[PDB]
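Asks: Please see the structure below; I have some questions.
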Ligand SMILES: O=c1ccn([C@@H]2O[C@H](COP(=O)(O)OP(=O)(O)O[C@H]3OC[C@@H](O)[C@H](O)[C@H]3O)[C@@H](O)[C@H]2O)c(=O)[nH]1
Ligand SMILES: O=c1ccn([C@@H]2O[C@H](COP(=O)(O)OP(=O)(O)O[C@H]3OC[C@@H](O)[C@H](O)[C@H]3O)[C@@H](O)[C@H]2O)c(=O)[nH]1
Ligand SMILES: O=c1ccn([C@@H]2O[C@H](COP(=O)(O)OP(=O)(O)O)[C@@H](O)[C@H]2O)c(=O)[nH]1
Ligand SMILES: O=P(O)(O)OC[C@H]1O[C@H](O)[C@H](O)[C@@H](O)[C@@H]1O
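Chains as they are written, first to last, in the deposited numbering: chain D, 290 to 495; chain C, 290 to 598; chain B, 2 to 639.
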């Protein structure tokens, strides 16, 4: 689940307004048979669940995955780029905490000498410097997305987007991952595999 | 030097009141020959250097190492315990920063939603929770040493502590590692080796880490100690009665030799007390150096390498 | 009557709180050394940018008696006199190192007088001024407003000499006004290019450095629709007591196109930030280079058959000006270098970067994918090595018991298990490229790929990153930025990671690029028609210059084919160097950086301001020095 979360943060970069500790992950998977496998019921029912959760004031969130192979030209630029930006934020955070660590350590080992009246740091300015702030802010800016852009409903570039049954149904029921939607749609038109660059999981692990 | 820093933090646990970024590391090394190798002049000059630095209001700290093997019963429980206590604080700090990291990250990734109005956290309490504060406080308490107890002048239990020359000399000059002393003394009565549990360095590594070797020998036909030291780009003090000292005194004009990090104390044509004062003038001169000037000197020292090959 | 040692400085430009071009960087980086000399006697003057001045200017009140000293009172009363007519302005500190005082004039508050001043300017100096040209209109409004102000300061300050320095034709209109009105202020004009220069080199077909001396300036300025602008630049050049350019090469073109031999050179310095330890720049180079390496492994995934420990990084960077920045020579020369390195049987590899912005639709799927696949291998290796460690450790802690005859494991099978292998093999399969596909020559999807000059030239010379090519090409058609997902470096970081800048410019009055590259301790190729190259040419004997990392191509006195060959010679000369030779060369290059610092270059601004005082007040200058010093040049004087 922590690997799915890592994917989900990337996918919702700039539009990340729910708690993953209060998020559930539904999925349908299999061979692309829109009728026989019930992708039509699945998507309809999700749209109806979305309504029910908004009406009922639920604070929970459902990210629903559809994993059915369709004809595609691989991952989108957006997918990869969002995964990279989150990864850059992680590394910049890891740098900053290594520095915070050295400053916490110094305070701790030095107490109670050189005017250190408290056992631990009390003011964040002792630990977080200008330099640290600047680069964390730049990482946040990179995650920002254009005014009014929403998280996509599909991770790949489709060969025939306009005629795809799954995507036509998701458009028809209007599940566009808006902030007020309690149910989110992610179509991943390909079998899962740990070699994937965005959701690096074998099917059984997912 | 950072490895020396790690040891020093342990050795001074609970009495750590100086900046290691403004701390210099002097050392004498060799075999236990109190007179011949000049341990007596070293300890004496350091005691006077301490006085000069307190009088001049110097913000520098010198930590003096003595590395000479004596008969011992291995490391003190205190020396080993202190090291384990610092190591335990480091691991707790690392646990805590991992948590802080997840909190910064969450904030950064979520901004500006869910009422996160600033790009970053502004209040420490968002990042540092009470459970973190508790385990840090326990590690700090464990580093605490009893009221009045000072950092030791020695790292090992000595066989016949009372009659040891180095220790009696340290006691006599009263360099007990007080907070007010700008010179600190650490006697390590064993040869250095990487398998050492408290100072896990080979001798060559430890020498590289220091700032100044101090080898005021009376009888030293050669003196491999300042030569090794010089080959590693570490400035050294020696004497004009040592082979190395006279051999270098010959090769460089004696006042220029300072600029190459070869300090030569006159033990031939001066009374012992004029010599001690000279050794102290050198130590004081070196302490007054900035970092940039230390870096330039070490370069010049290192340039001599070839001449000792 | 008037003091020449204690004197005022008014430095006027379009860009003073206001990022437009490179002049902003010059005046900003120069402020520290200027403020150190003048303190509260110095003022920068410019037009107020109402939209953006809030973020740069510390707005300071000018009415209080604590704003100015007793001797600097006249400037207060002069600003008051401007306020007496309703000329609205902003006094303040420019929020930059040095904290210099600025006077920003709101142009909207004199736009009524447009028609009067345009007419005055027409009959005085002959300068026409179309209404659709919004920038000359503003240049005119600025010039009259500033000459007015300097006229009032001259009236009210009878202690100090006044020096008025102007940068670029846009801030030049005040100069003919100061001359004709005979205002008691000595004037300097610095041009950072010429209008006819830029425009005559725009097509990339005109033989500029040879046909320059035979151009009918009025004719060409009419041909390019810039006659009115040309006259402003020309009037500013002629009216100024001292006339300056930023380089010897630009002084050549200035003399024939502006019809006045400049009185000397004002090359652009930097504010070089030193490191405590001289060698730290070497450390940084290795850290930044490791990030370039990381990018390259991804870029060449599946086709990685060379040693990065024996690879060099060349780059060009700048505005996309194919011909004027010599991206054409660069690519041509590299295709020739590639041939020489194959013939000689060198195992080395050059990876050449082109960093020049072109219209694009961001990174390619491929670029991002290979970076992620390499990253996935890294993580899988890290898991495996963690396992390996558990197995080594157990053996180490357990020896010599339970039949362990050797201190360490000896068979790889003891450490690397079936599941470890399967993982690693799968990561390797993800890095596999399709049969025949070569690493690309560009990292982005281009808006007009088929018609791009850079890509067409790479395709023409056929540098397609095949295994047998010793030179690789990577076009990165966007400015570098640490936020970039594939090469997360800022420009300065990337430059430090590289081995050689290559900037074979044709039109380049200064050459900020090779100067900045020099300051990072990275050697570079420039040209003798670049202002940086012409400056280094005269400062160092050109065979010694190579030992300092400054290679200088002759594009003035050689045919283009001879220039290309020389460019190949230098590139090749550099590849031959060992690591130890590269390190010593960078040390030499870094040592040379002190010369590009404003502490040294700002003396030339002093020499220009001296000459202005010596020329405007010769009788007083003679008697405040030992004797009559010569005034034909800045050099001749000092
Ligand atoms: O921790 C340490 C400290 C020092 N050393 C080594 O100890 C050596 C210095 O030892 P000593 O003090 O015995 O001085 P020296 O060995 O140079 O000569 C002295 O003792 C031996 C005799 O050959 C000489 O006549 C005498 O002057 C150096 O080679 C140094 O590398 C270690 O191996 N580990
Ligand atoms: O990725 C990059 C590449 C380059 N740069 C910056 O862009 C500059 C290079 O572009 P510029 O065109 O501004 O500088 P150039 O040396 O190419 O000068 C050119 O343009 C400005 C004019 O004043 C000069 O006369 C002209 O020759 C460098 O100084 C560098 O700091 C980046 O910030 N990021
Ligand atoms: O990303 C995926 C998704 C599904 N499957 C497998 O595909 C098989 C066949 O799916 P299908 O819907 O065709 O099942 P069937 O119609 O046979 O019930 C299942 O056993 C799944 O384990 C897979 O290997 N990777
Ligand atoms: O990138 P190169 O020219 O091979 O330089 C490589 C060298 O760079 C710096 O000097 C580093 O300090 C050296 O450790 C490194 O070996």
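Every residue gets a Cβ at the ideal spot worked out from N, C-alpha and C, and that includes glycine.
Between residue 186 of chain B and the rest of its own chain, which residues show a CB-CB distance below 7 Å, the 5 nearest in sequence each way excluded?
Replies: Cβ within range, chain order: 151, 155, 163, 165, 179.
Asks: How long is the line joining the alpha carbons of residue 129 of chain B and residue 258 of chain B, rounded to whole angstroms?
Replies: For residue 129 of chain B and residue 258 of chain B, the distance between alpha carbons rounds to 19 Å.
Asks: According to DSSP, is residue 337 of chain D part of a helix, a strand, or is it coil?
Replies: helix
Asks: Flag residue 481 of chain D as yes when its Cβ comes closer than 6 Å to any non-hydrogen atom of ligand 3, and as no otherwise.
Replies: yes
Asks: Whose beta carbon lies closer than 6 Å to any heavy atom of ligand 4, going through the chain in order?
Replies: B:283, B:284, B:286, B:287, B:290, B:500, B:580, B:583, B:584
Asks: Can we count residue 320 of chain B as close to ligand 2, meaning its CB is less than 6 Å from some heavy atom?
Replies: Yes; taking the cut-off as 6 Å, the Cβ of residue 320 of chain B has a heavy atom of ligand 2 nearer than that.
Asks: Residue 527 of chain C bridges to which residues according to DSSP?
Replies: C:553
Asks: Do three or more CB pairs link the segment 432-442 of chain B to the segment 333-340 of chain B at distances below 8 Å?
Replies: no
Asks: Do we get a CB-CB distance below 7 Å when we pair residue 472 of chain D with the residues of chain C?
Replies: no
Asks: What does the alpha-carbon distance come out to for the pair residue 136 of chain B and residue 142 of chain B?
Replies: 10 Å
Asks: Skipping 5 residues on each side, what residues in its chain have a beta carbon closer than 8 Å to that of residue 407 of chain B?
Replies: 400
Asks: Taking 8 Å as the cut-off, does the segment 500-508 of chain C touch the segment 366-378 of chain C (at least 3 CB pairs, one atom from each stretch)?
Replies: The way I'd put it, the segment 366-378 of chain C doesn't touch the segment 500-508 of chain C; fewer than three beta-carbon pairs between them come closer than 8 Å.
Asks: Please go through the segment 545-617 of chain B and give each complete beta strand (DSSP E) segment of 3 or more residues, from N-terminal end onward.
Replies: Unbroken beta strand (DSSP E) stretches of 3 residues or longer found wholly inside the segment 545-617 of chain B: 551-554, given in chain order.
Asks: Against chain C, does residue 295 of chain D count as a neighbour if the rule is that its beta carbon must be under 7 Å from one of theirs?
Replies: No, residue 295 of chain D does not count as interfacial toward chain C.
Asks: Can you give me the start and stop residues for the beta strand (DSSP E) that residue 363 of chain B sits inside?
Replies: 361-364
Asks: So, are the CB atoms of residue 445 of chain D and residue 364 of chain D less than 7 Å apart?
Replies: yes
Asks: From which residue to which residue does the beta strand (DSSP E) around residue 7 of chain B run?
Replies: 4-14
Asks: Would you list, in sequence order, the uninterrupted alpha helix (DSSP H) runs of no fewer than 4 residues that lie entirely inside the segment 46-86 of chain B?
Replies: Qualifying alpha helix (DSSP H) stretches, in chain order: 74-84.
Asks: Of the residues that make up the segment 374-399 of chain D, which ones have a beta carbon closer than 8 Å to any beta carbon in chain C?
Replies: 375, 378, 379, 382, 383, 385, 386, 387, 389, 390, 393, 394, 397, 398, 399
Asks: In chain D, which residues lie with their C-beta within 8 Å of the C-beta of residue 407 of chain C?
Replies: Here the premise fails: no neighbours, minimum Cβ distance about 10 Å.
Asks: Would you grab the beta carbon distance between residue 269 of chain B and residue 511 of chain B for me? Rounded to a whole angstrom, and I think it's under 8 Å.
Replies: Right, the Cβ-Cβ distance comes to about 5 Å (below 8 Å), so this counts as a contact.
Asks: Given the structure, does residue 22 of chain B come close to ligand 5, in the sense that its CB is under 6 Å from one of the ligand's heavy atoms?
Replies: Ligands present in the displayed structure are limited to ligand 1, ligand 2, ligand 3 and ligand 4, and ligand 5 is not among them.
Asks: Determine the DSSP secondary structure at residue 396 of chain C, reduced to helix, strand or coil.
Replies: Here residue 396 of chain C sits in helix by DSSP.
Asks: Give the secondary structure of residue 286 of chain B by DSSP, where H, G and I count as helix, E and B as strand, and everything else as coil.
Replies: helix
Asks: Starting from residue 425 of chain C, find everything on chain D with Cβ-Cβ shorter than 8 Å and list it in chain order.
Replies: 393, 397, 408, 409
Asks: Give a yes or no on whether the minimum CB-CB distance between residue 306 of chain D and chain C is below 7 Å.
Replies: yes
Asks: So with CB distances below 8 Å, who are the chain D contacts of residue 431 of chain B?
Replies: Simply 484.
Asks: Name, going along the chain, the residues of the segment 599-628 of chain B whose beta-carbon falls closer than 7 Å to a beta-carbon of chain C.
Replies: none
Asks: Determine the extent of the alpha helix (DSSP H) in which residue 516 of chain C is found, giving its start and end residues.
Replies: 513-520
Asks: At a Cβ cut of 8 Å, what residues of the segment 566-597 of chain C count as close to chain B, listed as they run along the chain?
Replies: Answer in chain order: 580, 581, 584.
Asks: Are the CB atoms of residue 45 of chain B and residue 103 of chain B nearer to each other than 7 Å?
Replies: yes
Asks: Identify every run of the alpha helix (DSSP H) within the segment 470-499 of chain B, keeping only runs that are complete inside it and at least 4 residues long; order them along the chain.
Replies: 492-498
Asks: Are residue 61 of chain B and residue 86 of chain B close, meaning C-beta to C-beta below 7 Å?
Replies: It is not a contact, given that the beta carbons lie outside the stated cut-off.
Asks: Give a yes or no on whether the minimum CB-CB distance between residue 366 of chain D and chain B is below 7 Å.
Replies: yes
Asks: Could you please give me the residues that DSSP links to residue 353 of chain B through a beta bridge?
Replies: Residue 353 of chain B is bridged to B:315, B:474.
Asks: If you follow the beta strand (DSSP E) that residue 104 of chain B is part of, which residue opens it and which one closes it?
Replies: 102-106
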